[PDB]
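The chain contents come next:
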Amino acid sequence: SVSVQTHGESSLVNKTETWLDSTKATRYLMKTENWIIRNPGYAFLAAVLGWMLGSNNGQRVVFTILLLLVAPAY
Amino acid sequence: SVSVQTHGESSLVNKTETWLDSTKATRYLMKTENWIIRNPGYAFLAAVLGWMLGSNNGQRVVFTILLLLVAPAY
Amino acid sequence: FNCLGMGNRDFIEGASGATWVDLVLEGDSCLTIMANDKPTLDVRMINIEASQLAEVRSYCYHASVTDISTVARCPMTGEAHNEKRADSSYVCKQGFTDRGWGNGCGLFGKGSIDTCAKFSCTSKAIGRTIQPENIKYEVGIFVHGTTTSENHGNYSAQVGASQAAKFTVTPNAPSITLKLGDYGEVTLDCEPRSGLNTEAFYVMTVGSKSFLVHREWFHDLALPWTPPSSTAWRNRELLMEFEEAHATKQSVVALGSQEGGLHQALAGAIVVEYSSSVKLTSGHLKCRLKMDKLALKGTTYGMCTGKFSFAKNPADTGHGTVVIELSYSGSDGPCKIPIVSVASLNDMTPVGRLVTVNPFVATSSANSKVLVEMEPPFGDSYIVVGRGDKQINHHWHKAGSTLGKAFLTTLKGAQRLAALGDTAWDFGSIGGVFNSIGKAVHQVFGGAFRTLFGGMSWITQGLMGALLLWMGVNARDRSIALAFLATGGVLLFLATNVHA
Amino acid sequence: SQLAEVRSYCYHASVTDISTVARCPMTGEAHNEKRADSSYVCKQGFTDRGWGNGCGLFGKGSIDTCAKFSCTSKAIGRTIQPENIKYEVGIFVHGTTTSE
Amino acid sequence: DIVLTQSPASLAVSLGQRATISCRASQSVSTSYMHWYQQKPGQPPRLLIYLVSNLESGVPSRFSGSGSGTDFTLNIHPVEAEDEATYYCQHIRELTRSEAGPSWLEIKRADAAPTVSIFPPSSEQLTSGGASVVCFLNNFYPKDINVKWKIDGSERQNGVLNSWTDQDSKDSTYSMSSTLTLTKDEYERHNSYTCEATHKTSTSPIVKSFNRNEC
Amino acid sequence: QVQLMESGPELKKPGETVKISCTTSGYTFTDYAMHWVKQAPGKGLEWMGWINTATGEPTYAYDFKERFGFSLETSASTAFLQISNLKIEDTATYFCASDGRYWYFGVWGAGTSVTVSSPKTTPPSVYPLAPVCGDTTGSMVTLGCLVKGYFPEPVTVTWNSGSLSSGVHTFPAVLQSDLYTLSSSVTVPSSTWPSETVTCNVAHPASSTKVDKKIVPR
């Protein structure tokens, strides 16, 4: 549809003010943050799954911070 | 914006034909599949990351099939 | 108002023991009650009505740019100020214009400008907030007497026979007592306020049509919105944009109509019409049916002495029962219509039960059509109308044998558990103990768990469930079901419930 | 210079002349006479029937819903030919000059 | 914020002929949200069209109309004598809710000239100190009309009281009563009294005159 | 049945206060808001506002604010329009409505005509008007009756106890020093006057004056 699969980004030459540039930073995060605020109860058990498996410490967060970004808009 | 964060789903009572129902199954997959077809070269090295770490077999795919879904639309 | 030819027709098996029962109903579905001494009842919602709706706010989806004004200034001057920042109708924004000695300035590399454009809304959506007392419910109620293909689907006709009734339950008057006439009176005690959640959502008007939206999502909509009264709006800069600044020239351009985006923002919204009072399609209401004064008359009748005929040919209702319409040519009426549902002709023992209890001829007039429904058993059966050699019979077969029907109760029972929340156990009517704790265990389980991570959309909770099924693979003894708790059921079920 | 017309896109539409031909269950397909013209948008479907509405059978149905399509607004694309492309290139050499 | 105006403000058309009201709404894209009210003078109106496609209960099927956004219409193909009234409309979407400058239905007939009768003040009023010269203009169509009080050949606009009715129920014409109020001393110091009535029917004003010295 | 009745015609003076009542029937009162619409003396309908009824909340149109009010009584289904500091420009007819929200309403109120003026209740001056020679045109002698300076409305002006309505036109009255002056003309053929009695009967029950005046020839 027209809602998703935007032209962005051209990335050919293009040093200029495009149609939407400064709003491109607000595409995902804010809409995904509005999703995780929409569903806080998920966010509590979300990061729990990272500490469950692998016992490798620092890469357990690699699960969470990536997986917490999966659930919004699938 | 109006493009994302749709009303769907109400999930209160609502046994009826909604505004968009049959098209709700085509929201993510098809647009994410059009993304992975857009970027096949990523899909080759994408699933490689799963076989890299953990040596636990079947859960290595849990990385990929989840991570290959992350990259489309972040 | 009745259960005739409705899309979803569900029944009620009377165990007697009480004259009161607590049942939940819906606009599309029609409940059918069959009990001893109590005739066959129809209970369904016509629609959900609401009387007074307050105006919460509005949203301007479509805007246009008017009177582009940009006041150019020199570098190092700091802020640029256009006189249009006084009025809120003008949309003003800071900025800059890179300057040379060629255009307007004696310095290089920088600049300042104030770009103002008068805001003009071409089209705006409007939302509504629902008050609990204003909610009305039109509940069609019907009892099955002697009926035809006309009067049975007719309301005012059965009101003359007092076999059908309508009414409006509100929080101000949740209890309504209506009389069925010859069959007695029934008392219906509903819960209008608690049937739906009045403050859980709003009513949003997109274009000419209006639609339902969650009120917490209603305020979270990103689009220029409007206060109730008149003028000053917020985030109206979102439908407009800016460009590069060449000398004094910068073009503020407006986004097109977002009406489509609003229709794109609507997915699970229910289409709702209106005239004087809004009529909602899918109903949810908790009512109490008191049958105490509902009874059976005519205990002294007898059988009809004369030939029958088929006014319409038999067919299957698709809900598990078989209805027929009979035109009785005998003049001995009024008389109790002989009829049964039998296994074989050589066996006169009735097996199938009559959906409409005590078939009766209205008047002595010959060729009077009568529509009576029955539920035959599974397998090969027979519809036999009358006794002695003037009976005219029909062969019936129903493949729905209790094996599959046990799942039709089971599977749909879990479907009855889904989407009805904690009210799902109201089908546990005349409950207590099990049915009471069955809702109570799911009460806090409905007030936590599924509702805590609730808001997941389709494959979101469905896909991770398959990954949560892997949590049941890796576990320890006595710890097995711990990671498996929420996985099976309540999660993948509703994912399989709605496919599509 | 010259741009050919590749195609167009109608983003905004309106419904005109809703027509639905109802039929009985077991009749199979429903056919509305509007399927001849391409301006009418037709779709199959069904209406669950009782003895109360239009039919003598239960549980099923067939209908053909046709609505004349009307485009309120449409976008248009254009394809670029290589020879048609022009480039205006300002070239300047610095001699004695003023601010003007 | 929105301005509404309904036209034509007065429409003379025979019964049975279609009347399509040209209308508009200033603040644009109202969606539909436009109505129609028929009001006879001295009464509350009655809602004719809502949803722009749909009647209320009591209003018969002869009322119709269509429109969206700015412009809207009220289309009555079989206009009737019962349709005679002042047509109103009103808007929704934004607030505050306001109406339009209304439009009158008038049933068309042949143009009629007024019956002009100018009565000298009664002897009872003279003894009361005042004198009111009345001029009755009856059964004239259309409503466009003018009265001029010529005293001794000179027009006087002082003390002129003009009371005219609306379109009649029986013959559907208009009736007017003009009144020239003076004091008896001012009445007896002026001789010729006449009210000339010009109308679209008569190319010359209808002159009914009397003098105090005459009878 | 849904029918909206209001307080009837009200006689007021500038500087006073009034509460205009709207009594509703056929529905539960708090369930429909009351749309208030003023009808200007120029027959413009000027919308006053709607009161959220639940909740009892008035919503004013800005021009009507702070000197007007919307108050309610739930049990008897009576909506009230309160007005403070009466003004002569407010003389007009007021209306209420049963709210269908964004589509307005299906039922109009009965209407309330407020009259803000500073007169004395007065009997009319009823004058039999003798037609002159120039007043007899086309076989008919027009007769007339001047009704001058009466307060308050209405007045019932008939002719020979209302026996002859044929050529009778009873014209409206306007304001003169807050008094009303109208005239009524009966049209009868020339053979009927002064051969037959023609008497204009002006019944003013507000001032309790029934006046009978017969036109005499000159």
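Please refer to the structure placed before this passage.
Described in the following lines is the structure provided in the data block.

What to know about a negative patch on the surface
Then comes step 1: A cluster of acidic side chains, namely A:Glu17, A:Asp21, C:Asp98, C:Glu243 and C:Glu244, defines a negative patch on the protein surface.
Then comes step 2: As for its placement among the helices and strands, A:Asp21 is situated in the segment before α1 (29-38).
Then comes step 3: Assessed through its relative accessible area of 41%, A:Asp21 is described here as partly exposed.

Details of unusual backbone geometry
Then comes step 1: With an omega of 5°, the peptide bond between E:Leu95 and E:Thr96 qualifies as cis.
Then comes step 2: In this chain, F:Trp193 is followed by F:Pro194 through a cis amide linkage whose omega measures -10°.
Then comes step 3: Note on placement: F:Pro194 falls in the loop between β19 (179-189) and β20 (199-204).
Then comes step 4: Although it is not a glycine, A:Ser11 adopts a positive phi angle of roughly 65°.
Then comes step 5: Classification of A:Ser11 by relative accessible area gives exposed; the value is 59%.
Then comes step 6: Even without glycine at this site, A:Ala73 takes up a positive phi of about 50°.
Then comes step 7: Under the relative-accessibility criterion, A:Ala73 is labelled partly exposed at 34%.

Considering the sheet that holds strand β7 (residues 68-73) of chain F
Backbone-to-backbone hydrogen bonds join strands into a sheet, with any given pair of strands oriented parallel or antiparallel.
All names here are of chain F.
Then comes step 1: The strand order β1-β3-β8-β7 describes an open sheet built from four strands, whose pairing is antiparallel. Looking at which strands have only one partner, the edges of the open sheet turn out to be β1 (4-6) and β7. Direction aside, neighbouring strands of the sheet carry axes that sit 20° apart on average.
Then comes step 2: In this sheet, strand β3 (residues 18-24) lies alongside β1 in antiparallel orientation, the contact comprising three bridges. Bridging across to β3, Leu4 finds its partner in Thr24.

Some words on the interface of chain C and chain B
In many reports, interface size means the accessible area that the parts give up when they come together.
Then comes step 1: Contact with chain C, which involves 41 residues of that partner, is made by 25 residues of chain B.
Then comes step 2: Buried area between chain C and chain B, summed over both chains or domains, comes out near 3100 Å², and the portion from carbon and sulfur atoms is 64%.
Then comes step 3: When the area that chain C buries against chain B is broken down by residue, the three leading residues are C:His214, C:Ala267 and C:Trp458, summing to 18%.
Then comes step 4: Taken together, the connections running from chain C to chain B amount to one salt bridge.
Then comes step 5: A salt bridge links C:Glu26 to B:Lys15, with the nearest nitrogen and oxygen atoms 2.5 Å apart.
Then comes step 6: The interface formed by chain C and chain B holds 13 residue pairs in polar contact in total.
Then comes step 7: For the side of chain C that touches chain B, the residue count by class is 26 nonpolar, eleven polar and four charged.

Quick notes on the state of the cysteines
Then comes step 1: Throughout the structure, instances matching the rule amount to ten disulfides over all chains.
Then comes step 2: Here C:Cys304 pairs with C:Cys335 through a disulfide, and the sulfurs are 2.0 Å apart. The chirality of the disulfide connecting C:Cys304 with C:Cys335 is right-handed, given an S-S dihedral of about 105°. With a gap of 31 residues between them, C:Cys304 in the loop between β19 (285-290) and β20 (310-316) and C:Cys335 in the loop between β21 (322-328) and β22 (340-342) connect regions that are remote in the sequence. Across the pair, C:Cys335 and C:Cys304 agree in class, each one buried.
Then comes step 3: The disulfide that involves F:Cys145 links it to F:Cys200, with 2.0 Å between the sulfurs. Judged by the torsion about the S-S bond (65°), the F:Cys145/F:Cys200 disulfide is right-handed.

Describing the nonpolar core
Then comes step 1: Core analysis: the largest hydrophobic core is formed by 87 residues, its most contacted members being C:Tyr137, C:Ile141, C:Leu285, C:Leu289, F:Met34 and F:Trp36.
Then comes step 2: E:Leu180, E:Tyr187, E:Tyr193 and F:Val132 belong to the second-largest nonpolar core, a separate cluster that totals 24 residues.

Let's talk about the pattern of salt bridges
Residue and element names in this part refer to chain E.
Then comes step 1: All told, the structure shown has 26 salt bridges over all chains when counted by the stated rule.
Then comes step 2: Salt-bridge contacts for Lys200 lead to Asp111; the nearest nitrogen and oxygen are separated by 3.6 Å. Of the two residues, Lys200 is situated in the loop between β18 (192-199) and β19 (206-211) and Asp111 in the loop between β11 (103-107) and β12 (115-119); the sequence distance between them amounts to 89 residues.
Then comes step 3: What makes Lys200 exposed here is its relative accessible area of 55%.
Then comes step 4: For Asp111, a relative accessible area of 41% translates into the label partly exposed.
Then comes step 5: Here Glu188 and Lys184 are joined by a salt bridge, their closest N and O atoms 2.5 Å apart. Taken as a pair, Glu188 and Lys184 lie in helix α2 (residues 184-188) at a separation of four residues, close to a single helical turn.
Then comes step 6: Relative accessible area serves as the criterion here: at 40%, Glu188 is assigned to the partly exposed category.

Things to note about the pairing of strand β9 (residues 135-143) of chain C
Residue and element names in this part refer to chain C.
Then comes step 1: Most of β9 is tucked away: eight of the nine residues are buried.
Then comes step 2: The pairing of strand β4 (residues 41-50) with β9 spans nine bridges and is antiparallel. What sits directly across from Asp42, in β9, is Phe142.
Then comes step 3: Two elements, β9 and strand β11 (residues 168-169), share two bridges in a ladder whose sense is antiparallel. Residue pairing for β11: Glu138 is matched across the bridge by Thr168.

The rules behind these values
Residues numbered from 1 in each chain as written, not as in the entry; some residues may be left out. Chains lettered and ligands numbered in written order. Part of a larger assembly, values for the part shown. Heavy atoms only, no water. Residues with missing side-chain atoms left out of burial classes, pairs and counts. Patch = residues over 30% accessible without salt bridge, like charges linked within 9 Å, V, L, I, M, F, W, Y side chains within 5 Å. Areas by Shrake-Rupley, 256 points an atom, 1.4 Å probe, with all protein chains shown as cover. Salt bridge = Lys/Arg side-chain N within 4 Å of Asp/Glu carboxyl O. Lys, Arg positive; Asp, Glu negative; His and termini not counted. Charge placed at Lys NZ, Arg CZ, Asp CG, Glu CD. Helix = DSSP H or I, 4+ residues; strand = E, 2+ residues; numbered from the N terminus. Buried < 20%, exposed > 50% of the residue type's maximum accessible area, 1.4 Å probe, protein only. Pairing = 2+ DSSP bridges. Axes fitted to C-alpha atoms, helices over the stretch in contact; angles between N-to-C directions. Contact = heavy atoms within 4.5 Å. Buried area = accessible area lost by both parts, 1.4 Å probe. Polar contact = N/O pair within 3.5 Å; in protein donor to acceptor, adjacent residues only side chain to side chain. Nonpolar A, V, L, I, M, F, W, Y, C, P; charged D, E, K, R; others polar. Disulfide = S-S within 2.5 Å. Core = buried A, V, L, I, M, F, W, Y, C linked by side-chain atoms within 4.5 Å.

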